[PDB]
Amino acid sequence: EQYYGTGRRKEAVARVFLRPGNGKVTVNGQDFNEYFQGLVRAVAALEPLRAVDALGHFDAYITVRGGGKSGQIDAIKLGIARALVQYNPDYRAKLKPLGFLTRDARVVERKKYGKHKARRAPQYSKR
Amino acid sequence: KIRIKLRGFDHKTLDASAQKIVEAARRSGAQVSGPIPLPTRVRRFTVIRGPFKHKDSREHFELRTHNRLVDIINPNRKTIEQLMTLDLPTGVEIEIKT
Amino acid sequence: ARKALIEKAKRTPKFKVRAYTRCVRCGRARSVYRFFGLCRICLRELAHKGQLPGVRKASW
Amino acid sequence: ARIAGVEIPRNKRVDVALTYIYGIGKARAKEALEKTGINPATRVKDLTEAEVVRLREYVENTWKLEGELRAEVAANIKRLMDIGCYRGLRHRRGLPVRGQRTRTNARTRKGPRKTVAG
Amino acid sequence: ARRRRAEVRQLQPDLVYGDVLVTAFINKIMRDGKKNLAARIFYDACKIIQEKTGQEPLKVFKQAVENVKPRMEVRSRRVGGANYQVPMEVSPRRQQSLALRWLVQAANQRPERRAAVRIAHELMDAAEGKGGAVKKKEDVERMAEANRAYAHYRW
Amino acid sequence: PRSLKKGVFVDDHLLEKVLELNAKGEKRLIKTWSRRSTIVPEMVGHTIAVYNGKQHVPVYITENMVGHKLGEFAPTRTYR
Amino acid sequence: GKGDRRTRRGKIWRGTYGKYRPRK
RNA sequence: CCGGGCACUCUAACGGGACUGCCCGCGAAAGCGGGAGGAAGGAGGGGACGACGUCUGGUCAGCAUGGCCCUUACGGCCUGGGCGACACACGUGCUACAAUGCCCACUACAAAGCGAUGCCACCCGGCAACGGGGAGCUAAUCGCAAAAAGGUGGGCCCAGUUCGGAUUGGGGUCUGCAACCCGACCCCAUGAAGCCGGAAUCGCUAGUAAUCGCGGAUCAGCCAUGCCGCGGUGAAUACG
Ligand SMILES: [K+]
Ligand SMILES: [K+]
Ligand SMILES: [K+]
Ligand SMILES: [K+]
Ligand SMILES: [K+]
Ligand SMILES: [K+]
Ligand SMILES: [Mg+2]
Ligand SMILES: [Mg+2]
Ligand SMILES: [Mg+2]
Ligand SMILES: [Mg+2]
Ligand SMILES: [Mg+2]
Ligand SMILES: [Mg+2]
Ligand SMILES: [Mg+2]
Ligand SMILES: [Mg+2]
Ligand SMILES: [Mg+2]
Ligand SMILES: [Mg+2]
Ligand SMILES: [Mg+2]
Ligand SMILES: [Mg+2]
Ligand SMILES: [Mg+2]
Ligand SMILES: [Mg+2]
Ligand SMILES: [Mg+2]
Ligand SMILES: [Mg+2]
Ligand SMILES: [Mg+2]
Ligand SMILES: [Mg+2]
Ligand SMILES: [Mg+2]
Ligand SMILES: [Mg+2]
Ligand SMILES: [Mg+2]
Ligand SMILES: [Mg+2]
Ligand SMILES: [Mg+2]
Ligand SMILES: [Mg+2]
Ligand SMILES: [Mg+2]
Ligand SMILES: [Mg+2]
Ligand SMILES: [Mg+2]
Ligand SMILES: [Mg+2]
Ligand SMILES: [Mg+2]
Ligand SMILES: [Mg+2]
Ligand SMILES: [Mg+2]
Ligand SMILES: [Zn+2]
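Chains as they are written, first to last, in the authors' numbering: chain I, 2 to 128; chain J, 3 to 100; chain N, 2 to 61; chain M, 2 to 119; chain G, 2 to 156; chain S, 2 to 81; chain U, 2 to 25.
Okay, here's the thing in C-alpha cells:
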C-alpha cells in the first residue's frame, strides 16, 4: 500500500513515501526535475531504486526541509532506501554493500576561537 | 483553555514542577494535554580569559532559558483547589492567561 | 577606575549622549556587558564563583 | 556620431557609448535614451540621423557636460582654496580631503612613494 | 604522513559514464568548490568532443589521459654539499594525478574563449599526441634521462 | 558631498552677539570657543577669533565663506 | 565587485539597501 | 486556511546503543591485520579540560596590595583641541586585476541568533537613503528576512573594458546639544592604481582547505574590511 523512510544529511530532513505506481516523483508539490535539474548530482537521489531495479514500480511523495539542495538529495537518497527496506527486508542484503542505508555523519565543524574558521590559523610574519 | 508558560534556568526544576501541576490537574480535572517542550533561548557571552591582551584566550559562557507548556483543557473550578498555591520550585517563573 | 570618574552615574548628565555605562563592581569603563551591568573580568570571576544564576560553561 | 562636444562614441551599444561622454555615466545615459525613446541596445553606427539629432538635442543642454563641467569643478576647488578653507589646505598640499588616515595608505592622493632613510 | 601509510580516497563514480577517473577530472576542474559548474564544463566539453570526432568522448578522454602520463620524473636530492636532479619512476597514482592536473592547466592556457571549448580542444589534441599537456609530459621525461648519470642516487 | 539637515545649526552664544553688534554697529573682533557653529549672512564683514585649541585666530569673514563652519578656517594641527 | 556602492553585490556586502538593491 | 489528528518533521527531558562483544589469521600477553552484523567501530567526529615547573614572561591602567612621591596641585570641574598628525618602514586584513567572469530580470534550499523608549509587517510620498501613517509581537505563533553562491532567460565579447571602485566635485537622508578637525548611509558626476605580484614567506589532511552568504556582543550613531558564532557548495595530496 504505502512505505515510509526518513533519512538525513548535513542537517537536512526528507520524508520519503513510496506508493506503487507509474514512477513519477514529487518533491514539495513540484516535479522532481522542477526542484533539481540544473543540478547534475540530482539523479543520484534515485540511485537506491536503480539498485533494486524498482524505478517505474514505485511512485514517490517527498517532503524536504533543511540544508541545501545537495544535502537534500542525499537525505532523499537515504529515505528511499529506508522505505525500500521497510517494503521488503530482503532488500537490505542487496542495499547494504552500496551503503545507501548508511547515514552520513559529516557535519559543519564548529568555529574555534583564535582561528579564522575552525581550522584556518591567522598568518604571521615573525619578521 | 488556561494558557501557562513556565520559564527557568534549570531544566530539572521546570520539568519536575510541571508534572506537579499536571498531576494536580489530572485528579481534579481534564485529560491535561501536558507539557510541550518549546525551544530554548540560549544567550552566549564570550570574554577574554586574561585582564590584559592575550586576545586568543576566550572561554565563553552560556545562559539558557528553558520553556514549558501545560495548557489544561476544561478550566474546572475544582482543579484550582490542588492548583493555585502548592509548590516546591524556587527559580521557576510562571505566566498565565485565559 | 578613578574615583572621580564614578561620577558617571548622574541623574543630570546634561546630555543623554554623555551618559556612558561602567562596571557596577570594579568601575571598568570598557567591555561592559549591558545584561549583567558588569565588565568582562568581573563577569568571568563571578561566573566562576557561581554567583550569576543560570550562567554555565558553554561547550559544543 | 558627434554628441555633446568634440567626442564621438562608435560601434557599440548607445548607452555604453554615451558613457564616453565626460559628464555622463550609466544613469544619465539610461535616462537620456529613455526620454529620447531610443532602444539602448542598438549600435551607434545603426543610429538614425533623426535619433542622433534628438539625442544631441536633449543631452547638449539638459545637464552641464565636458569642458564647462571641468571648468566648474576647477572653479569649485579654486574657490575652496581662495577662501582659506581647511579643504583648501588639503587640496593645496595634495592630501586626502575627506578625512582619511594619512599615516599609511593615502597613496592615490599622495602619488608615488618617495622613500627616505630611517 | 609520518605514522600511517595514508590510504587513498575513493571517489564516487560519475553520474553519466560511471567512471571514477571522470569524477577525478571533474574535481581538478572544480574551482572554489563549485562542482555543478565543473560538471557543466566537462559535459559540455564531451558534447563538443562529438561532431568533431565521431568517437565516444569517454574513449578520447581516457586515451588523452593515457598519453599525458609521465613514465619518469626528476626529484631533487641533497648529497654531499650539492643538490642533484635525480631521475626515477613515477608511481601509477602520481601518473594519474600529474596527467589530470596538466590536462586542466594546459586547457586553461589555451586561447579559446570559453571553458568547455578549452577542455574539449585540449582533450582532443592531447588524445592525438600534441598540445601543452603532452609538451609537459615530454619535457619532464626529457629532464629525467638527461640526468641519467645520477640514476644511482635513486632512493 | 556634505550634509546637515533642515533647521540648520548655529550656536546661540554668538548668534545673538553678532546681531547685537549689527544693531548698534561693527565694533572689533569677538572671542568664540564654538567652532561647531555654521556661518550665516549676518556675520559677513565681522571678525571672529576662533579657538584652535591653543589660541584665538582672527578670522575675517567674506560673502563666499557663508555656510562653512568657523573651525574650517581655524586649523588645529601644526605641520612642518 | 563587492566594493562597488552602485552594484547589487556592493549593497549586499555593505549591508544596505537603495536604488540598486530594492526592498521590493 | 477551517474542521481534525500525534503517524511523520521538529521541539526538549529521560533512556537505549559500541564492549575488540562475534568470525578468520598472527601473537606469550596486551594488542595488530582483515571480515560479519550495525547509523556508527578499534579514540565514530568536535568541544570543555592543559601536570611538577620554566620564561626575575604580561598586567600596580580592570580590581586588590607593600614601599615611595604630589597634596591651591602629580587632586577636581568645564569649553576647545589631541588619541584621526605624515617624507617614510613593517604586521594583520579588505576589494580586486576578470569570461570557471561582471551586469539585469525571474525563481529555489539553511542554521544559529536578536527584538518595548525595541523589531518594525502592510499602505502612501520619495530614483534612494529615508519620512509620514500604522497592524502584530511579553514573541516555535509577529518582525528583523533578502540568504548568497545556485537554477532559467537575456546583455557584455577580451578591451583597462558593462573588469576594478580608489580619488574628487555637487546634491541630500539619519543619529546626536553638536558630524570642521573627525560619523555612517543615499543619489549624480568623476573612473586612479591594478593584466596574478622580487628576494622571501603563511594556513590547511575532510566536510578540512577554498568559496558564498547570515546573526550576535559593544553601541545614539559609527569609521566592523575586526572579533565571536551559523549554516550552503565543497576539493587536491601525503612515496616517504
Ligand atoms: K596612482
Ligand atoms: K647528509
Ligand atoms: K571524544
Ligand atoms: K615573574
Ligand atoms: K595567484
Ligand atoms: K569573489
Ligand atoms: Mg563554513
Ligand atoms: Mg590556548
Ligand atoms: Mg584606583
Ligand atoms: Mg557612548
Ligand atoms: Mg561603555
Ligand atoms: Mg563619462
Ligand atoms: Mg586624518
Ligand atoms: Mg612508520
Ligand atoms: Mg603547465
Ligand atoms: Mg534639511
Ligand atoms: Mg563595476
Ligand atoms: Mg508520539
Ligand atoms: Mg582530561
Ligand atoms: Mg588608539
Ligand atoms: Mg613627517
Ligand atoms: Mg624634514
Ligand atoms: Mg611593525
Ligand atoms: Mg514577510
Ligand atoms: Mg514606492
Ligand atoms: Mg505555528
Ligand atoms: Mg546564467
Ligand atoms: Mg548567460
Ligand atoms: Mg568602468
Ligand atoms: Mg595602468
Ligand atoms: Mg585583461
Ligand atoms: Mg617589485
Ligand atoms: Mg618561491
Ligand atoms: Mg592535524
Ligand atoms: Mg551595532
Ligand atoms: Mg573613515
Ligand atoms: Mg558584520
Ligand atoms: Zn568589572
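Where a beta carbon is used, it is the ideal one built from N, C-alpha and C, also for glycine.
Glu-74/G - DSSP class collapsed to helix/strand/coil: strand
Proximity below 8 Å, CB of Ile-40/S to CB of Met-66/S: yes
Contact test: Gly-112/M Cβ vs ligand 1 heavy atom, cutoff 7 Å: yes
Beta-carbon proximity list for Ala-108/G, same chain, < 7 Å, skipping 5 on both sides: Hits under 7 Å: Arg-119, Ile-120, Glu-123.
Contact under 8 Å by Cβ, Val-94/J with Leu-8/J: yes
Between the CA atoms of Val-60/S and residue 1/S - distance to the nearest angstrom: No answer is possible for residue 1/S: it lies beyond the span of chain S, which begins at 2 and ends at 81.
is_contact[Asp-58/J, chain I] using C-beta, thresh 8 Å: Cβ-Cβ to chain I under 8 Å: yes for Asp-58/J.
Close beta carbons around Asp-5/U, own chain, < 6 Å, minus the five adjacent residues each side: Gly-11
Minimum Cβ-Cβ distance from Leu-16/G to chain I less than 8 Å: yes
Any 3 or more C-beta pairs closer than 8 Å across the segment 32–40 of chain M and the segment 68–84 of chain M: no
For review: beta carbons within less than 7 Å of any heavy atom in ligand 15: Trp-103/G, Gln-106/G, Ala-107/G, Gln-110/G, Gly-133/G, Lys-137/G
Member of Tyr-34/N, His-49/N, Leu-47/N, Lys-50/N whose CA lies at the smallest distance from the CA of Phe-47/J: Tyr-34/N
Closest by C-alpha distance to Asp-12/S, when choosing among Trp-34/S, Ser-4/S, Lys-55/S: For the residues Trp-34/S, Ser-4/S, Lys-55/S, the minimum Cα distance to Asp-12/S belongs to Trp-34/S.
Heavy atom of ligand 13 within 7 Å of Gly-100/M beta-carbon: yes
Contacting positions in the segment 113–140 of chain G - beta carbon closer than 9 Å to chain I: Those residues of the segment 113–140 of chain G that come within reach of chain I (Cβ to Cβ, closer than 9 Å) do not exist; the list is empty.
Sheet register partners of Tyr-85/G (DSSP bridge): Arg-78/G
is_contact[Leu-50/I, chain G] using C-beta, thresh 8 Å: no
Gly-95/M versus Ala-75/S: straight-line alpha-carbon distance, rounded: 19 Å
6 Å Cβ shell around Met-89/G - same chain, five flanking residues per side excluded: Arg-155
Nearest residue (CA-CA) to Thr-15/J, options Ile-75/J, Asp-89/J, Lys-3/J: Across the set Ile-75/J, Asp-89/J, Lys-3/J, the C-alpha of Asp-89/J shows the shortest separation from the C-alpha of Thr-15/J.
Paired residues, beta bridge with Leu-8/J - DSSP: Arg-70/J, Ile-96/J
The segment 105–120 of chain I / the segment 29–36 of chain I touching (three or more Cβ pairs under 8 Å): no
Cβ pair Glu-58/M, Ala-5/M closer than 8 Å: no
Beta-carbon spacing of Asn-78/J, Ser-35/J below 8 Å: Result no, Cβ atoms of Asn-78/J and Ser-35/J do not sit closer than 8 Å.
Selection from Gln-3/I, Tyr-4/I, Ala-15/I, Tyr-5/I that minimises the alpha carbon distance to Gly-68/I: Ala-15/I
Inter-residue CB distance, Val-26/I and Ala-61/I (contact presumed, cutoff 8 Å): 5 Å
Cβ-based contacts, 8 Å cut-off: residues of the segment 72–103 of chain M near chain S: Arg-80, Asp-83, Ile-84, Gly-85, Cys-86, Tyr-87, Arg-88, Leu-90
C-beta neighbour in chain G for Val-65/I, strict 8 Å: no
Test: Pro-76/S CB closer than 8 Å to a CB of chain M: yes
Stretch-stretch touch, CB-based, cutoff 8 Å, three pairs: the segment 96–105 of chain I with the segment 40–53 of chain I: yes
Inter-stretch contact (C-beta, 8 Å, three-pair minimum) for the segment 20–31 of chain S and the segment 109–118 of chain G: Cβ pair count under 8 Å is below three, so no.
Contact under 8 Å by Cβ, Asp-45/G with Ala-117/G: yes
Top-ranked residue by Cα proximity to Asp-105/I, from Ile-77/I, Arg-121/I, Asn-89/I: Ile-77/I
Closest by C-alpha distance to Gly-38/M, when choosing among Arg-104/M, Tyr-23/M, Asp-16/M, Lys-115/M: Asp-16/M
Short Cβ contact (8 Å threshold) for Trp-14/U with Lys-25/U: No; because the gap between Cβ atoms is not below 8 Å, this pair is not in contact.
8 Å contact criterion, which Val-87/G and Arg-78/G should meet: CB distance rounded: Indeed, because the Cβ distance is near 5 Å, the residues count as touching under 8 Å.
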